[PDB]
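Report on the following structure.
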Amino acid sequence: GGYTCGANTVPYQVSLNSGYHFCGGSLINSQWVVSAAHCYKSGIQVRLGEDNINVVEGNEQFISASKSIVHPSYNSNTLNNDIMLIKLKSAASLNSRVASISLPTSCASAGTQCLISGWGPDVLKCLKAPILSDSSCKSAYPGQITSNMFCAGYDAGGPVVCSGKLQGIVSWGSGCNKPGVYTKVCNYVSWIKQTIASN
């Protein structure tokens with residue numbers, strides 16, 4: 001179950017702020033964040049180094065987003081391809097509390113434990129959970145799971161990290177025997193790398 005992570009123990013976790021915290025994201029290099037496409041809105045400020053999002057604790061960096069790129073195939077009705085890129089107006093200063101997370105070179109296997117993190121209650125919360133089998137995932141949500149999603153279990157846009165790689169983005173679910181559903185990042189690595197290299 002969920003627990004308090006501890007301040008800055010997830011240094012790639014970002015908060016997206018439009019006047020309030022509305023979604024999480026993951027820092028993938030000094031200039032770029034990955035989040036969920038369903039988090040898209042105007043006027044995004046990226047907040048790095050956060051623990052308590054309501055208190056300035058001394059390790060934060062606040063940087064305006066300069067560009068947002070929603071995946072070309074994003075379908076908001078089904079949440080298929082629920083992934084977006086956010087460019088920072090200026091490069092983050094990387095340190096022990098503000099660090100990038102590596103993209104995977106291959107997909108993760110069912111049964112691998114992952115760290116899922118996010119807010120939602122003002123400090124960062126964490127959950128360790130294994131990737132579920134395809135059958136368990138699709139049986140929980142008949143007709144709704146595509147090859148661009150996976151489930152884990154037993155803050156939209158936040159990271160799912162497995163074996164040191166960003167394998168998922170918090171996308172949707174009904175757990176509020178219904179596990180969380182995550183965008184399958186390994187399907188998008190080419191698109192991520194090309195899109196950031198061209199922007």
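Selection of strands (runs of 3 or more DSSP E) fully inside segment 89-163 by the criterion of at least 3 residues being in contact with a helix residue (DSSP H, G or I) (Cβ under 9 Å, 6 or more places away or on another chain) returns 149-152. Determine whether segment 89-100 contains at least one residue that is buried (at least 19 other Cβ atoms within 10 Å of the Cβ), under 23 Å from residue 17 (Cα atoms) and either polar (S, T, N, Q) or under 16 Å from the mean Cα position of the chain (by Cα) (or both). Within segment 89-100, one or more residues are buried (at least 19 other Cβ atoms within 10 Å of the Cβ), under 23 Å from residue 17 (Cα atoms) and either polar (S, T, N, Q) or under 16 Å from the mean Cα position of the chain (by Cα) (or both).
Of all residues in segment 17-38, those satisfying the criterion of being in contact with a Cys (Cβ under 9 Å, 6 or more places away or on another chain) and surrounded by 24 or more Cβ atoms within 10 Å (Cβ to Cβ) are 23, 24, 25, 35, 36. If only residues of segment 3-49 that are touching a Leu at 6+ places or on another chain (Cβ under 7 Å), among the hydroxyl-bearing types (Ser, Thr, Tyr) and outside any loop (DSSP other than H, G, I, E, B) are counted, the one that is nearest to residue 160 (Cα to Cα) is 26.
Condition check ((1) of a type in the set (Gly, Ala, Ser); (2) touching a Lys or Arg at 6+ places or on another chain (Cβ under 6 Å); (3) not assigned by TED's automatic domain parsing to the domain that holds residue 170) across all residues:
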residue: 21; (1), (2), (3): no, no, yes
residue: 49; (1), (2), (3): yes, yes, yes
residue: 68; (1), (2), (3): yes, no, yes
residue: 77; (1), (2), (3): no, no, yes
residue: 88; (1), (2), (3): no, no, yes
residue: 92; (1), (2), (3): yes, no, yes
residue: 120; (1), (2), (3): yes, no, no
residue: 124; (1), (2), (3): no, no, no
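All of this is worked out from the model, or read from it or from the source named; no laboratory read-out is quoted. So basically every Cβ, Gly included, is an ideal-geometry build from the backbone, and we count neighbours across all protein chains shown.
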